[PDB]
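Form deposited in one PDB entry, single chain, as structure tokens, below.
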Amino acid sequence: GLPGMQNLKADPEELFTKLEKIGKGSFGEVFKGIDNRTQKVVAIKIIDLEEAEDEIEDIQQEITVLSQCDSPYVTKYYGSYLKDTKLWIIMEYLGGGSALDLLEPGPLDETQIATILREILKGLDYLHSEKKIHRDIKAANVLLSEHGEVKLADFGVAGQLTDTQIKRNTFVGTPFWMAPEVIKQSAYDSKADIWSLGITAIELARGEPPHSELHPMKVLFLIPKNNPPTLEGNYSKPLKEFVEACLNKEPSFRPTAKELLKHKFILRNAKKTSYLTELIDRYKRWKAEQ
């Protein structure tokens, strides 16, 4: 089965206008698109099923997890279409781009950092309450609407906890952002996302994650054997402590997403999400020059 699968007679090439590429996901390529019936903009992930082996079950899992999410903090899923050998996965388009994109004109301030982290946490609180793990939290997978709303994206490696499986142990994620227990393939749960959030916090503060100048294969020993990273530079003590709370080698010492929503860095610095429009306006003007 495949949740949201549409009638095969429906031609997505007729129902949507495919525009420019806006990314490359864990699976397939993603395009900006127009829904021809509503004229709303969508994001379209296209996957060639023929040149895909052992990736199709992964695709099905992504669409399943996506279709089971109903939250302001998770990109919406609008269904899937088949066009010959290609699968068109229709998703909510977020006009502000990724947090990583919004970093290109220059550093964020700590109000912006706190606000983005707060909204990521609302998303993680939702997922974790649903017994889901994202497993690929990073600034590239954090999207903003053009009104400044923040949502999680790319569920390509997301995991589901059950009653018959209270922990996962699969090796998945992006190396710089992966928790030591995931790399080591110990039994892990939602706390793995909390580690990834700490790395993402550093990324949002500094522009890059720890070890970013190294070959990804080095982190397979670097992360499990070294002391966890800390945020270095001229950042507030609350922000440095937020990061340390996340980046503890012991998963049970990491706070829950729910708890982190009350962390002093968040309460003291976060403001209305609408203010993030400035960050998006900043990017547009910057891109406008070049």
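Numbering starts at 1 and follows the sequence shown. If you superpose the two forms and keep the largest set of C-alpha atoms that fall within 1.5 Å, you have the rigid core.
The question of which stretch, 263-271 or 9-17, has the higher mean Cα B factor is settled in favour of 9-17.
With 81-89 and 68-76 compared on mean CA B-factor from the PDB entry, the stretch scoring higher is 81-89.
Note on the listed residues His128, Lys184, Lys191, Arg206: the highest Cα temperature factor in the record is that of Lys184. Comparing C-alpha B-factors across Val150, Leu100, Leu220, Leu121 in the deposited entry, the largest value falls on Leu220. Sorting the modelled residues of the chain by their CA temperature factor places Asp35 in the middle third. Among all modelled residues in this chain, the alpha-carbon of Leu49 has a temperature factor (C-alpha) in the highest third.
The entry lists a Cα temperature factor for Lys225 that places it in the highest third of the chain's modelled residues. For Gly28, the recorded CA temperature factor ranks within the highest third of the chain's modelled residues.
In the PDB entry, a CA B factor belonging to the middle third of its chain's modelled residues is recorded for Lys132.
Heads up, the form deposited in another entry isn't pictured, but that's what we're talking about next.
Summarising the superposition on the core between the shown form and the other one, the listed residues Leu222, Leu231, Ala245, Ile34 contain exactly one with a Cα shift of 2 Å or larger, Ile34. Taking the rigid core as fixed, one finds a CA shift for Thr273 smaller than 2 Å between the shown form and the other one. Whereas the displayed form keeps them at a certain spacing, the CA atoms of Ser26 and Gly148 lie at least 3 angstroms farther apart in the other entry. The pair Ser26 and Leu117 is at least 3 angstroms farther apart at the CA level in the other entry than in the present model.
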